[PDB]
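**Student:** everything below, folded, please.
(5 chains, ligands or ions: 15)
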Amino acid sequence: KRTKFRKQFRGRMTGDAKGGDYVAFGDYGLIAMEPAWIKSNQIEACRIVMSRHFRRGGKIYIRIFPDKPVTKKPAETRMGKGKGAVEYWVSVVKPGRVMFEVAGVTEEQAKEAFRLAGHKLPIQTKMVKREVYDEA
Amino acid sequence: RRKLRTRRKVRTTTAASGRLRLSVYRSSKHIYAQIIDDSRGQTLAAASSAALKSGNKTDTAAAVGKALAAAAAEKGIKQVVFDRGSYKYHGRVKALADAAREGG
Amino acid sequence: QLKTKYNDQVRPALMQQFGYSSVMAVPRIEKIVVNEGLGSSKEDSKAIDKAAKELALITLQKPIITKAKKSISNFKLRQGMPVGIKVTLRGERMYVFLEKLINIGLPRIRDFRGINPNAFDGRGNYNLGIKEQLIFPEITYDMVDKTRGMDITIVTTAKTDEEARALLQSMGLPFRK
Amino acid sequence: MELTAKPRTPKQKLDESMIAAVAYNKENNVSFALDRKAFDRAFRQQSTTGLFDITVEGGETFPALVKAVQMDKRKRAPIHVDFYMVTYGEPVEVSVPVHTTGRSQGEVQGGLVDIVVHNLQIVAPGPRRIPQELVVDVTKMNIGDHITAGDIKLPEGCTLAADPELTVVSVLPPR
RNA sequence: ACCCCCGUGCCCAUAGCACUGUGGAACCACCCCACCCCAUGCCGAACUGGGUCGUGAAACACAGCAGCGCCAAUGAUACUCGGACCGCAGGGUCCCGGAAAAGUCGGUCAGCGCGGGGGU
Ligand SMILES: [Mg+2]
Ligand SMILES: [Mg+2]
Ligand SMILES: [Mg+2]
Ligand SMILES: [Mg+2]
Ligand SMILES: [Mg+2]
Ligand SMILES: [Mg+2]
Ligand SMILES: [Mg+2]
Ligand SMILES: [Mg+2]
Ligand SMILES: [Mg+2]
Ligand SMILES: [Mg+2]
Ligand SMILES: [Mg+2]
Ligand SMILES: [Mg+2]
Ligand SMILES: [Mg+2]
Ligand SMILES: [Mg+2]
Ligand SMILES: [Mg+2]
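**Tutor:** Numbers count the residues shown, from 1 in each chain, chains lettered A, B, ... in the order given. Ligands and ions are numbered 1, 2, ... in the order given. Right below this line is the structure:
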């Protein structure tokens, strides 16, 4: 969720992601296919769904993180003073980027958990078990 | 002890335009001196005192300046740089100077 | 002199106790050091001359005023204020001070059982820390206004704590067995 | 295995979905290209510890370990491969999968085992005698224990290439 | 001509660090002494002035070595001038040249002058 950090506001455009195409932690991983912002409560709902389905057990990693501030001008004004101070934090997400990955849960239950979590994300997404991997 | 060497060596080869180098070495009882043409990677007129002996180092070195002044004099030496190593223009190397260019 | 009785009493004694090809390879003493540190919490300009006078009289050498490093902090830290008193002793005077300690700084002690034996540097060459000034040959409580405490680091070209340990033991330093 | 072309031009490669390839060592680092599906059946059968022979359409077999694959981020398919020609001195710093044996007694009271390092890069495996896996018995482990590299047993002529104290597999508590 | 030392440059990490070995009476170095030239905001530690011996201890010089740094390919990819397209949009594609970063293979513990000293 919200970071405790630095400059309030930013900008925006896109290109395919590089910083995490492969599933390092855990066994399985759901993975993004579209370039939307993800932001805060969207993730946290993914987290709370999977933690319901799995917890008492399993290991849940959230490799994505609401870095990027996004702004809302007030109410109903004209293009006025500056931008709007707050609103929500997002994480940009490009295809092949891994958002989620379970540990210690059978293949089928990871299927169902990824299905639930992905039914509330702006992007469609595909899951995979980790092929052979390199990058260490 | 180091930085003073490269310090005066940078201020010497900045002031070096036309004029030749004259690097007195003093750390031992070897007060060797050279006349180096910066640019060309060459020296031409060293006056080391491995064979000479005149007593106290301040006066032994004195003759070294005198020896050198004759050598460069045979080559047509205008003036020169001076290029002290680190030695604070003291009586032995100040004497090597007064002896070098009193007799130049 | 009092040194060469020290070196030959030890230099062969360590070259005999331990093999070294060179007399130069035997540990020596680079310098005595005294950090005074006066008024490090007491902001006493009247006492700056206090510690200056006590050090210059008891140490046969002039002291410098190690000024505050200028790491101003929440507490009374600031840049340019004086904060300590350094005095470096080399050669003859350092040997005279080491003799004043070995012959009057161990008699000076209260309740002696040695000095702390665990060598301070991992490289050796280490520093006594005075806990009280009352019993020095020069520091009389009657002539003095009040008691204070100083510091006395000493450097040795020992390559290990064990070697400077043997050297400072043979030289006349007491040890806490 | 088998492979044929190696032009600097790639327009032929994409159509028949054959992967691009290279083979190299000290003496010759020549590039090549090979069929895709057979390569994937092979790379399944053996990972970075497995090896296979390549028969370039020149008439001489060569023995190659697999060293790195770099493939599409969007499409999951592999794109490019780097086989490594290997002399029969010990192959350098090969990676070995970690695998766990037994039902840990930590699993039986609410814990679960977690392999903190899915691969361990050991030096001097010894070529042709390479460890294709690495079994670690976890049954002794209880909740909160760490089976470090100072535990993992090794076959012939092998020495761990990673710091022994580093955590490998660890049992973990509930939640 | 061969060897090594003292200076001194070009090049300044492929030439730097760490572990190790070898050098002393050629050379350099520590070292001895210091009231004075001279000097330390206190200390000859450093500058400094007079010299053996002793010792190569430390330093420095040279040699080994690839643990560390530093160099660093090929294959491919990213991106892209130009050309032509798709998607409502975020965004994507094709032909044509250009072409990284990183990482793998490997490469290195330099190379090149001037002088003077002393050896053979
Ligand atoms: Mg984009
Ligand atoms: Mg693009
Ligand atoms: Mg990366
Ligand atoms: Mg040299
Ligand atoms: Mg060494
Ligand atoms: Mg000889
Ligand atoms: Mg000395
Ligand atoms: Mg040595
Ligand atoms: Mg290429
Ligand atoms: Mg063009
Ligand atoms: Mg275009
Ligand atoms: Mg192109
Ligand atoms: Mg590169
Ligand atoms: Mg070397
Ligand atoms: Mg030469």
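
**Student:** when you work out contacts or count neighbours from here on, use the C-alpha atoms and nothing else.
**Tutor:** OK.

**Student:** biggest helix in chain D, by residue count?
**Tutor:** helix D:37-45 (DSSP state H).

**Student:** right, and the helix or strand after that one?
**Tutor:** As assigned by DSSP states H and E, the chain's next helix or strand after helix D:37-45 is strand D:51-56.

**Student:** need the strands for chain B, in chain order.
**Tutor:** Per DSSP state E, chain B carries strands over the ranges B:21-22, B:35-37, B:42-43.

**Student:** next, format the ones you listed as a markdown table and append mean neighbour count and distance to residue D:56.
**Tutor:** Output for the strands of chain B, formatted as a markdown table (neighbours: other CA atoms under 10 Å in any protein chain shown; distance: least, CA to CA, whole Å):
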| stretch | mean neighbour count | distance to residue D:56 |
| --- | --- | --- |
| strand B:21-22 | 22 | 67 |
| strand B:35-37 | 21 | 63 |
| strand B:42-43 | 12 | 60 |
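
**Student:** of those, which approaches chain A most closely?
**Tutor:** The closest of these to chain A is strand B:42-43. By CA to the nearest CA, the value is 53.5 Å.

**Student:** tell me which residue lies farthest from the centre of chain D.
**Tutor:** residue D:109 (33.6 Å; CA atoms, centre = their mean).

**Student:** picking that back up, and of the strands of chain B, who's closest to RNA strand E?
**Tutor:** Across those, RNA strand E has its closest neighbour in strand B:42-43 (2.8 Å, CA to the nearest atom of the strand).

**Student:** can you list the strands that the closest one pairs with?
**Tutor:** Strand pairing for strand B:42-43, determined by DSSP bridges: strand B:35-37 (antiparallel).

**Student:** right, is the strand it pairs with up against RNA strand E?
**Tutor:** Yes: residues of strand B:35-37 contacting RNA strand E under CA under 7 Å from any atom of the strand: residue B:36.

**Student:** so what touches that strand?
**Tutor:** Outside strand B:35-37, the residues within contact range by CA atoms under 8 Å, 6 or more residues apart in numbering or on different chains are B:19-23, B:42-46, B:72, B:80.

**Student:** hmm, 7 Å instead?
**Tutor:** The set of residues external to strand B:35-37 that reach it, using CA atoms under 7 Å, 6 or more residues apart in numbering or on different chains, is B:20-23, B:42-46.

**Student:** how about JSON lines for those, with distance to ligand 1 added?
**Tutor:** Shown next, in JSON lines, are the contacts of strand B:35-37 (distance: CA to the ion, whole Å):
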{"residue": "B:20", "distance to ligand 1": "62"}
{"residue": "B:21", "distance to ligand 1": "62"}
{"residue": "B:22", "distance to ligand 1": "64"}
{"residue": "B:23", "distance to ligand 1": "63"}
{"residue": "B:42", "distance to ligand 1": "60"}
{"residue": "B:43", "distance to ligand 1": "63"}
{"residue": "B:44", "distance to ligand 1": "66"}
{"residue": "B:45", "distance to ligand 1": "69"}
{"residue": "B:46", "distance to ligand 1": "69"}
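
**Student:** ok, back up a step: now render the strands of chain B as JSON lines, adding distance to residue A:44.
**Tutor:** Converted to JSON lines, the strands of chain B look like this (distance: least, CA to CA, whole Å):
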{"stretch": "strand B:21-22", "distance to residue A:44": "74"}
{"stretch": "strand B:35-37", "distance to residue A:44": "75"}
{"stretch": "strand B:42-43", "distance to residue A:44": "75"}
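
**Student:** if we look at RNA strand E, which of the contacts of strand B:35-37 are close to it?
**Tutor:** Among the contacts of strand B:35-37, the residues within reach of RNA strand E (CA under 7 Å from any atom of the strand) are B:23, B:42-46.

**Student:** outline the domain layout of chain D.
**Tutor:** Each domain of chain D is listed here as a residue range: D:1-86, D:87-175, per curated CATH domains.

**Student:** export these as TSV, with columns for distance to residue B:2.
**Tutor:** Shown next, in TSV, are the domains of chain D (distance: least, CA to CA, whole Å):
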stretch	distance to residue B:2
domain D:1-86	44
domain D:87-175	40
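
**Student:** how about those domains, which one is nearest residue C:85?
**Tutor:** domain D:87-175 (46.9 Å; CA to CA).

**Student:** any part of that closest one near RNA strand E?
**Tutor:** Yes: judged by CA under 7 Å from any atom of the strand, domain D:87-175 comes into contact with RNA strand E through residue D:92.

**Student:** where is the longest strand in chain D?
**Tutor:** Max-length strand for chain D by DSSP E is strand D:60-70.

**Student:** I'd like the next helix or strand past that one.
**Tutor:** In N-to-C order, the element after strand D:60-70 by DSSP H and E is strand D:80-85.

**Student:** so what secondary structure elements neighbour that next one?
**Tutor:** Judged by 3 or more CA pairs under 7 Å, 6 or more residues apart in numbering or on different chains; DSSP states H and E, strand D:80-85 is in contact with strand D:19-24, strand D:60-70.

**Student:** can you tell if it touches RNA strand E?
**Tutor:** Yes: against RNA strand E, strand D:80-85 shows contacts by CA under 7 Å from any atom of the strand at D:80, D:82.

**Student:** so what are the sheet partners of the helix or strand that comes right after that strand and their directions?
**Tutor:** Of the helices and strands lying after strand D:80-85 in sequence (DSSP H and E), the nearest is strand D:94-97. Paired strands of strand D:94-97, with direction, are strand D:119-123 (antiparallel) (DSSP bridges).

**Student:** what about the partner strand, distance to the chain center?
**Tutor:** A distance of 9 Å separates the centroid of the chain from that of strand D:119-123, by CA atoms, centre = their mean, to the nearest Å.

**Student:** which parts of the helix or strand that it is followed by are buried?
**Tutor:** For strand D:119-123, the following helix or strand on the C-terminal side (DSSP H and E) is strand D:135-137. Across strand D:135-137, burial judged by 16 or more other CA atoms under 10 Å in any protein chain shown covers residue D:136.

**Student:** I'd like to know which elements strand D:135-137 is packed against.
**Tutor:** Using 3+ CA pairs under 7 Å, 6+ apart: strand D:135-137 touches strand D:99-101.

**Student:** which residues sit against the next helix or strand after the strand it packs on?
**Tutor:** Downstream of strand D:99-101, the next assigned helix or strand under DSSP H and E is strand D:112-115. When contacts are defined by CA under 7 Å, 6+ apart, strand D:112-115 is touched by residues A:104, D:106-107, D:168-173.

**Student:** quick check: can you name the pairing partners of strand D:112-115 and their directions?
**Tutor:** Applying DSSP bridges, strand D:112-115 is found paired with strand D:169-172 (antiparallel).

**Student:** which residues touch the strand it pairs with?
**Tutor:** The contact list for strand D:169-172 (CA under 7 Å, 6+ apart) reads D:106, D:111-117, D:142-148.

**Student:** now residue A:56, what's its secondary structure?
**Tutor:** Recorded secondary structure, residue A:56: coil (DSSP: H, G, I helix; E, B strand; the rest coil).

**Student:** ok, it - contacts?
**Tutor:** Residue A:56 makes contact with D:174-175 under the criterion CA under 7 Å, 6+ apart.

**Student:** distance check, it against residue B:45.
**Tutor:** Look at residue A:56 and residue B:45: by CA to CA, to the nearest Å, they are 89 Å apart.

**Student:** next: residue C:149.
**Tutor:** 62 Å.

**Student:** and the two? Which one has more around it.
**Tutor:** residue B:45 (20 against 14; other CA atoms under 10 Å in any protein chain shown).

**Student:** write out the residues of chain A neighbouring RNA strand E.
**Tutor:** Counting by CA under 7 Å from any atom of the strand, chain A sits next to RNA strand E at A:13-16, A:34-36, A:123.

**Student:** before we move on, what about chain B?
**Tutor:** Residues of chain B lying near RNA strand E (CA under 7 Å from any atom of the strand): B:1, B:9, B:23-25, B:27-30, B:32-34, B:36, B:38-48, B:50-51, B:55-59, B:85-93.

**Student:** many thanks, we can stop here.
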